[PDB]
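Please read the structure below before turning to the comments.
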Amino acid sequence: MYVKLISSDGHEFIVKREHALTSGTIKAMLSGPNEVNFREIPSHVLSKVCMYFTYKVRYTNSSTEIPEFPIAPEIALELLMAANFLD
Amino acid sequence: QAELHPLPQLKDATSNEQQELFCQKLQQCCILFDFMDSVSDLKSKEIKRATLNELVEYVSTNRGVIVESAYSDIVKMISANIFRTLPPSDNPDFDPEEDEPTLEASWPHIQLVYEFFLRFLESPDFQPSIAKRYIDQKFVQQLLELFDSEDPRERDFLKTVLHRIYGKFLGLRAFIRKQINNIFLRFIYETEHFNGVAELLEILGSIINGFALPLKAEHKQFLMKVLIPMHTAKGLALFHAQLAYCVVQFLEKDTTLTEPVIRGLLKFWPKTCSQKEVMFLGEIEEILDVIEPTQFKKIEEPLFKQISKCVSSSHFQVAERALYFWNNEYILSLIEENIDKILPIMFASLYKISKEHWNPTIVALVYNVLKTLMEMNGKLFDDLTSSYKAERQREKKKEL
Amino acid sequence: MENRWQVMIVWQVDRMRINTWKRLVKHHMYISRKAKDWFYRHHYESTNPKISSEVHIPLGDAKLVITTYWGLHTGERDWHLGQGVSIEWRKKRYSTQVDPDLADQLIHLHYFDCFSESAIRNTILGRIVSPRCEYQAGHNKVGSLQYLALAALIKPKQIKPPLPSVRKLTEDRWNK
Amino acid sequence: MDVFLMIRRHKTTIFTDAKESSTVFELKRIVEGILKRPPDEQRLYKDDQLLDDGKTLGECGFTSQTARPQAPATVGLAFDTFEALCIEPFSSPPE
Amino acid sequence: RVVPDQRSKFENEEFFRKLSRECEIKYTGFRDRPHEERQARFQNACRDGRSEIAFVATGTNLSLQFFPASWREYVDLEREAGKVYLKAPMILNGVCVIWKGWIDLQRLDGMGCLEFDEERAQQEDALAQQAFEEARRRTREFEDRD
């Protein structure tokens, strides 16, 4: 009912199993083939991607005046690397 | 045809001698191995093709590939091919609408240099000031003559080059604007063998969209001296769609030009061509969706007099579009306000066509027009139709 | 016995938005020539004498028709809601009305430029990104995190006149 | 309507949803259901204002517009009897 | 059985949640002429099958338009005297639905609601349903082959 996520930096988050289903990589890693480690991933990048999970599940198939999801320009390259790894 | 030993690719070359290898390749491909011969230089063409194919890759890849010292070689490289002697027309009486387009011989290699030019003008750095000394007024002057080409594929690539030069080079804006005015002024009254004006007019569309407000005297003279008389072109059938847009867009800037435009439009009215009038009516119809009611108070007599002339036409299509005028919403709103003056002009002609034409479809719409004017101050209609019948009684007296 | 009828969904708009749409569609059909396979249909070709214009957009072997309508509710009064719009998708006599937020998404599949397959990979090592997106109204959904991150690092350009949007056409603003 | 919450201490965090009029018991029941540790042995935290068992968002002043699926409200967690506020910040860019 | 899923999406979809959740509607007429004239014109239009009829959410941009078929629906009036009953089948976003409404001519407003139409799903065509679903399932991003 909750999957535990460990940041390579040394942070650990936990997010519902339903919320995690929206990402292909973790589902393939876990559904079929507990603990998952996102090695190299900094703490803040993991926090932002998980916040994106919450956002997407909340604002999925529904199409309303959903707001923008801010990403400061200085924090962009590492988020892109994380997204490419996870998606 | 000196032997072209395949030099190591820039991927294998280290940081050093990279420009020297790059520059040497540009001098290597500066040659003019002609493609008119059916079978010759069977090995020289592909290595030249491979180098250009790799050259396009080289510019797109990496960032610091382009350096100041290379600027001269690229311009010499590009100018050696694009500034060619254009082949003479196969047929002086060639029909752009009917005859198939003429192809180009060196196109397989030309496709790469124009691509090389395009990805170079759009390069990440491209300091224009460095290129200001090298891309001078002489480079642009010969570039315009290339629009006279006959291959349609080349014109589209050529147009994107001109827009890139104008949008980046802040120095030759006056020259290219003056050149654009000069080259058009020839096409209105001269031999007029130009064939790329359809692509040329596309640039004019994006140059007037930037015309700052209020207008200047130089921009004012553009309309009455260049654009408006262009409707007298022999081949308007292919340039009208782009020519109609710029007139409307330019009008939308300063609305005070509506009166000169409409009167100017009515001066060069088509006389003997049915197809010319059909698209011409579409020009006036478009204007009326942006016209101001006050500006209507100055063109009721001349504009509507022509429309009352074209309804009594010998061709259905000319009458068909004109009869569709009484179907718009803004047009009907305008004619309701000034019904007192519009009605006496049309009604003499709208009633005559009611019982003389053969096709019921044209007559069917006419009934809708006459019934529409009954949805107005019909006392004037009653005053008309009582007097008008007396004028037809006066015409009955003419019969008598 | 009552007569038979057809029922449509029509979005009520003001004429300034209609004429702006006509200007934008024409400019990008003809002048800049990005949307060249689109068709623009004048009012004198449909039986219903309220259609103001039709735009047909080929989508592969399907098509999408956006129809504008002139005076409905008009006649004296005023022109806040003189015109109207409807959107239809037809294939082999089959038709369904589509929300604009989905109509714009469907147009963008067979049309303008978006990031290619290697754009993401080449962003990593800085080997320049090309082509880059010029139509941000076609990504109104959430989409993958990759697109959102990428759009941040290369802010797309702005077409000189605005790119034509089905969403700008159908927006109230009057009532908010 | 619903809001989203942040609870941070040491190297653990939780992402969760609840209803609007929920006072504090629904949040405490969820974390009970997640930490397998009896409930009252806790204290929520906001700034420095004390959090009570019956406190509610509206009374608390937190509103739907305060917590969005892009920056959820942070309140931390606590459990032996009492501990300090170990709000360790996230990592920073290398600059 | 994807229609039940579409209906379930009632809570989570914009386009079943903005026009099928109990919303007050009014007939949008000339709006200028005096009230008695408005009622007369509306009633004349309701009998005669030569006109246009407009319905407003009273507060939105959405309107329902009934056009004459010349340019299983009906506009019944005798039932429940002083009421007009509106029934309109449609296909919305790929799912076949039925629109039912009623207007009181004294006040020129009333109530409308939207419901699912059963039976009418398997006879049209499986291929068009699947094609539209597949079309709407695609994403442009990272799709082009360079």
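Among B:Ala198, B:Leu213, B:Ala237, whose Cα sits farthest toward the positive end of the charge dipole of region B:153-238 (+1 at Cβ of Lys/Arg, -1 at Cβ of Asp/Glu, about the Cα centre)?
Most positive-ward Cα: B:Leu213.
Taking the beta-carbon count within 10 Å as an exposure proxy, list B:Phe139, C:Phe115 from fewest neighbours to most.
Ascending Cβ contact count within 10 Å gives the list B:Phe139, C:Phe115.
Count, for each residue of B:324-336, the Cβ atoms from other chains sitting within 10 Å of its Cβ, then give me the mean as a whole number.
Across B:324-336, the average partner-chain Cβ count within 10 Å equals 3.
Among the trypsin sites (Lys or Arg not before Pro) in region C:17-85, which ones are in a DSSP loop with at most 11 other Cβ atoms within 10 Å of the Cβ? Mind listing them?
C:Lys36
What number do you get for region C:113-161 when its Cα radius of gyration is normalised by 2.2 N^0.38 Å, N = residues?
1.13
For a Förster distance of 45 Å, can you work out the FRET efficiency between the beta-carbons of B:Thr232 and E:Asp109, rounded to the nearest 0.05?
0.15
Please list, in order along region B:162-173, the HN-Hα scalar couplings obtained from phi with the Karplus expression 6.51 cos²θ - 1.76 cosθ + 1.60 (θ = phi - 60°), rounded to whole Hz, x for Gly and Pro.
5, 5, 5, 5, 5, x, 9, 8, 7, x, 9, 4
Per Stokes-Einstein, at 4 °C and 1.567 mPa s, what whole-number D in µm² s⁻¹ belongs to the protein assembly as shown, with the Kirkwood radius over Cα pairs as the hydrodynamic radius?
38
Would you please name the chymotrypsin sites (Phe, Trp or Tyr not before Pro) within region B:167-199 that are DSSP coil residues with at most 14 other C-beta atoms within 10 Å of their C-beta?
B:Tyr189
Taking θ = phi - 60°, what integer Hz values does the Karplus form 6.51 cos²θ - 1.76 cosθ + 1.60 yield along region A:64-78, in sequence order, with x for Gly and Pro?
10, 6, 5, x, 6, 10, x, 9, 4, x, 5, 9, 9, 5, 5
Please give the peptides B:369-378, B:198-207 ranked by average Cβ packing (other Cβ atoms within 10 Å per residue), highest first, as a rough proxy for protection.
B:198-207, B:369-378
Arrange C:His73, E:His35, C:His42 by Cβ neighbour counts within 10 Å, fewest through most, would you?
Result, fewest neighbours first: E:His35, C:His42, C:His73.
Can you give the mean number of other chain Cβ atoms that lie within 10 Å of the Cβ atoms in peptide A:47-60?
5
When a/c reaches 1.5 or more, the comparison of a/b and b/c decides; with that in mind, is region B:1-149 rounded, prolate or oblate per its Cα gyration tensor?
Oblate is the answer for region B:1-149, as a/c is 1.5 or above yet b/c matches or exceeds a/b.
Where nothing but the Cβ of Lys and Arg (+1) and of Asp and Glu (-1) is charged, how large is the charge dipole of chain E around its Cα centre, in debye to the nearest 20?
380
Over the alpha-carbon set of region C:1-102, work out the extent along each principal axis and list the three values in angstrom, largest first.
Here the Cα extents, ordered largest to smallest, are 46, 34, 28 Å.
Using Stokes-Einstein with the Kirkwood hydrodynamic radius over Cα pairs, what translational diffusion coefficient do you get for region B:20-379 at 4 °C and a viscosity of 1.567 mPa s, in µm²/s rounded to a whole number?
This corresponds to a translational diffusion coefficient of 53 µm²/s.
Remind me, what semi-axes does chain C give for its equivalent ellipsoid, largest first in whole Å, using sqrt of 5 times each Cα gyration tensor eigenvalue?
Semi-axis lengths for chain C are 35, 18, 16 Å.
Which of the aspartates and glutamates could be linked to C:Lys157 by a straight reach, that is with a Cα gap under 16 Å, when you skip same-chain ones fewer than 8 residues away?
Result set, ordered by chain and number: B:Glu122, C:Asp113, C:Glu134.
Once amide H atoms are placed 1.01 Å from N in the peptide plane, what residues at a sequence separation of 5 or more from E:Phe67, or on another chain, have their amide H within under 5 Å of its amide H?
C:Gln6, C:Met8
What whole-number value in cubic angstrom gives the convex hull volume per residue for the C-alpha atoms of region A:17-85?
105
What order, most packed first, do the peptides A:60-67, B:324-331 have when packing is the mean number of other Cβ atoms within 10 Å of each residue?
In decreasing order of mean packing, A:60-67, B:324-331 become B:324-331, A:60-67.
Would you kindly give the portion of the calculated P(r) for region B:98-213 that falls above 21 Å, as a percent of all Cα pairs?
43
In sequence order, what are the phi-derived ³J(HN,Hα) couplings for region B:187-199 according to the Karplus relation 6.51 cos²θ - 1.76 cosθ + 1.60 with θ = phi - 60°, rounded to whole Hz, with x for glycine and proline?
5, 6, 9, 6, 4, 6, 8, 5, 10, x, 5, 4, 6
How big is the Rg/Rh ratio for region C:19-66, C-alpha atoms only, Rh by Kirkwood, two decimals?
Using only Cα positions, Rg/Rh for region C:19-66 is 0.99.
Please give the Cα centre distance for region B:61-86 versus region E:85-139, rounded to the nearest Å.
Comparing the Cα centres of region B:61-86 and region E:85-139, I get a distance of 62 Å.
In percent, how large is the relative contact order of chain B, given Cα pairs closer than 8 Å and 6 or more residues apart?
Relative contact order for chain B comes out at 9 percent.
In the structure displayed, which of B:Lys225/B:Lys253; B:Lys309/B:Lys379; B:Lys276/B:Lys355; B:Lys234/B:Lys352; A:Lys56/D:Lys11 lie more than 30 Å apart, Cα to Cα?
B:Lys234/B:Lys352
Could you pull out every residue, at least 5 positions away or on a different chain, whose amide H is within less than 5 Å of the one on B:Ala233? Hs are placed 1.01 Å off N in the peptide plane, and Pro or chain starts have none.
Amide H to amide H, under 5 Å and 5 or more residues apart or across chains, B:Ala233 pairs with nothing.
Could you line up B:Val226, B:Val311 from fewest to most neighbouring Cβ atoms inside 10 Å?
B:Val226, B:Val311
What does the structure give for C:158-169 when I average, per residue, the other chain Cβ atoms found within 10 Å of the residue Cβ?
Mean number of neighbouring Cβ atoms from other chains: 1.
Please list the non-local residues whose amide H lies under 5 Å from the amide H of D:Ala73, H modeled 1.01 Å from N, same-chain partners needing a gap of 5 or more.
Amide H neighbours of D:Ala73: D:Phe4, D:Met6, D:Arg68.
Of D:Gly76, D:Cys60, D:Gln49, which is farthest towards the positive pole of chain D's charge dipole, taken about the Cα centre with +1 and -1 on the beta-carbons of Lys, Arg and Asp, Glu respectively?
The residue sitting most towards the positive pole is D:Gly76.
Rounded to the nearest Å, what's the spacing between the alpha carbon centres of region B:356-390 and region B:250-302? Just the number, please.
Using only Cα atoms to place each centre, the spacing works out to 26 Å.
Can you pull the semi-axes for chain E, root of five times each eigenvalue of the Cα gyration tensor, sorted largest first, whole Å?
Its equivalent ellipsoid spans semi-axes of 35, 17, 15 Å.
Where the centroid of each part is defined by its Cα atoms, how far is region E:1-31 from region C:1-80 in Å?
24
Over the Cα atoms of chain D, what is the Rg over Rh ratio if Rh follows Kirkwood?
0.96
Please give the calculated 222 nm ellipticity per residue for chain B, where each DSSP H segment of at least 4 residues contributes -39500 (n - 2.57) and the sum is spread over every residue; nearest 500 deg cm²/dmol?
-19000 deg cm²/dmol
Positions of Cβ are backbone-derived with ideal geometry, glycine not excepted, and every protein chain shown enters the neighbour counts. All of the numbers you see were taken from the coordinates with simple rules; none came from a lab.
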